[PDB]
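Asker: Those letters in the sequence shown? Residues -1 to 69, by our numbering. For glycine and all other residues, C-beta sits at the position ideal for the given N, C-alpha and C. There's a structure below that I have some questions on.
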Amino acid sequence: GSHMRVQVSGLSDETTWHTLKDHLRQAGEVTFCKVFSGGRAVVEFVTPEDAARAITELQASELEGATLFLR
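Rendered as structure tokens:
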């Protein structure tokens, strides 16, 4: 499922998983969304297309005042 997986960095201190999930629903359906230390998270989407759309169209987007980096 690596093709469906996106690594997120740059989250604000206050941002939790469901908020990130809602942000990324702009790109597609989210099947895994967990927040980790240092403003980071790992997300998986239903399809590789959704992951591609997130990286393509949501790169450096602001969430709760913080710019996200996607890879």
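How about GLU62 and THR13: do their beta carbons lie closer than 7 Å?
Answerer: Working through the sequence shown from its first residue, we reach residue 62 at position 64. Working through the sequence shown from its first residue, we reach residue 13 at position 15. Cβ atoms of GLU62 and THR13: closer than 7 Å.
Asker: Determine the extent of the alpha helix (DSSP H) in which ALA49 is found, giving its start and end residues.
Answerer: Residue mapping note: residue 49 aligns to position 51 of the sequence shown, counting from 1. Element bounds for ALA49: 46 to 55.
Asker: Which word fits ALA52, buried or exposed, when buried means at least 16 other C-beta atoms lie within 10 angstroms of its C-beta?
Answerer: Sequence index remark: in the sequence shown, residue 52 carries index 54 (1-based). When all chains shown are included, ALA52 counts as buried.
Asker: So for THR17, helix, strand or coil by DSSP?
Answerer: Taking the first residue of the sequence shown as 1, we reach residue 17 at position 19. It is helical.
Asker: In whole angstroms, give me the CA-to-CA distance for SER10 and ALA64.
Answerer: Sequence index remark: in the sequence shown, residue 10 carries index 12 (1-based). Sequence index remark: in the sequence shown, residue 64 carries index 66 (1-based). Answer to the nearest angstrom: the Cα atoms are 5 Å apart.
Asker: State the Cα-Cα distance for the pair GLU55 and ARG38, rounded to the nearest angstrom.
Answerer: Within the sequence shown, the letter at position 57 stands for residue 55. Within the sequence shown, the letter at position 40 stands for residue 38. Between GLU55 and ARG38, the C-alpha separation is close to 19 Å.
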